Amino acid sequence: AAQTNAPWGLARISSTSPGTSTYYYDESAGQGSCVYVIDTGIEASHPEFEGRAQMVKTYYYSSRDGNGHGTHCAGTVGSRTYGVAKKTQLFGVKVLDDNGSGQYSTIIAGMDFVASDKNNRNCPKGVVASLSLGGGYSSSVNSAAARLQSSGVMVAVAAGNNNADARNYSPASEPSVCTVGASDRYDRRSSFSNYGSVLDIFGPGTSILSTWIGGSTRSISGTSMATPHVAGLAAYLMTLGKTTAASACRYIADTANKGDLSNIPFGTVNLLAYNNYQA
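Residues numbered from 1 in each chain as written, not as in the entry; some residues may be left out. Heavy atoms only, no water.

**Some words on the UniProt feature "binding site: Ca(2+) 2" in the chain**
Per the UniProt record, the feature "binding site: Ca(2+) 2" sits at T16 and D260. A compact arrangement is adopted by the annotated residues: their sequence extent is 245 residues, whereas the largest C-alpha distance between any two is 8.3 Å. You can see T16 is positioned in the loop between α1 (8-13) and β2 (23-24). Leave out the neighbours within four places in its chain, and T16 touches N257, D260 and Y274. With respect to the helices and strands, the residue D260 is situated in the loop between β14 (257-258) and β15 (271-272). Other than its neighbours up to four places away in sequence, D260 contacts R12, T16, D187 and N270. (UniProt positions renumbered as here; feature names shortened; annotations may be inferred. Helix = DSSP H or I, 4+ residues; strand = E, 2+ residues; numbered from the N terminus. Contact = heavy atoms within 4.5 Å.)

Right under this line is the structure:
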């Protein structure tokens, strides 16, 4: 399949070169996979989800995404214009309030919920979790993500927007999850993107157009935007049987475009998420 006029990030993970506009992907498009979007929630009613999104848990008075951030990242995962895996299942886990913030104890609880709730879902191709969040280093937030990962969920986390080494940030610094950095449309490291040795992969993260609350769209930026690209990629590749929940990060790093990225500080991997689609 081929999406013409795709967002630059979708066309980026389907090409070895920047500047294209067509997103080439396999027609399976992540069908049979589930991606938990651990964020401010999802506006499941957004027509770009076509009823493949639903809120499964909230930690606040409402399950509504009164912020937009969770609706945006779920959009990059599997919305049908702005999503990587345009046929996947989207489960909203609202651990962030409508200010895009939330306590560590709430984030940990949301990760432990996803670890258990997935045993109630129908995800024959595997379970992915997209974590567009992250404060400072926490051994507890780190080990919650590791728990979620070892429970059989491919965990993708944002490196953080602090232009620093990600080892001082959670769940970014947890070794066993997929720590995603951000890049821009000219294959530069995003100006805000965290780096370091804990990073596993870079995704399109600057000026990412995707769904927004109120049936709208919005272009924003952050490693929080690069994470859904990788989560959707993992979900898409798991549907194809190319990898597993436990291997998907290594596979995406093995099959990534190596060396294409500028301003990659010495010691940080130079890998751009790439789906290696051939027709």
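Now, onward.
**A few points about the packing of aromatic side chains**
Across all of its chains, the model carries two aromatic pairs by this definition. Seen in terms of ring centroids, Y23 and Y25 are 4.9 Å apart; in terms of plane orientation they differ by 25 degrees. Their pairing is stacked. Across this residue pair, the class does not change: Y23 and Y25 are buried. Aromatic side chains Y36 and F91 sit 5.1 Å apart centroid to centroid with 50 degrees between the ring planes, which places their arrangement in the tilted category. Of this pair, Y36 sits in strand β3 (residues 33-39) while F91 is found in strand β5 (residues 89-94), placing the two residues 55 residues apart along the sequence. There is no split in this pair, since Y36 and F91 are both buried. In this arrangement the basic side chain of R121 is found over the ring face of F91, its NZ or CZ atom lying 4.9 Å from the centre. (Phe/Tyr/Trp six-rings, centres within 6.5 Å; stacked < 30°, edge-to-face > 60°. Buried < 20%, exposed > 50% of the residue type's maximum accessible area, 1.4 Å probe, protein only. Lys NZ or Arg CZ within 6 Å of the ring centre and 35° of its normal.)

**Some details on the UniProt feature "binding site: Ca(2+) 1" in the chain**
Sequence positions flagged by UniProt for "binding site: Ca(2+) 1" are, in local numbering, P175, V177 and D200. Look at the named residues: they lie 26 residues apart in sequence, but the longest C-alpha span between them is just 9.1 Å, so in the fold they bunch up. Of the annotated set named above, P175, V177 and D200 line the largest pocket. Mapped onto the secondary structure, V177 falls in the loop between β9 (169-170) and β10 (178-183). For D200, the position within the fold is in the loop between β10 and β11 (201-204). The class for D200 is buried, based on a relative accessible area of 16%. Beyond its immediate stretch of four places on either side in the chain, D200 contacts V177, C178, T179, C249, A253, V269 and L271. (1 Å grid on protein atoms, 1.4 Å probe; cavity = no way out; pocket = protein on both sides within 12 Å on 5 of 7 lines; lining within 4 Å.)

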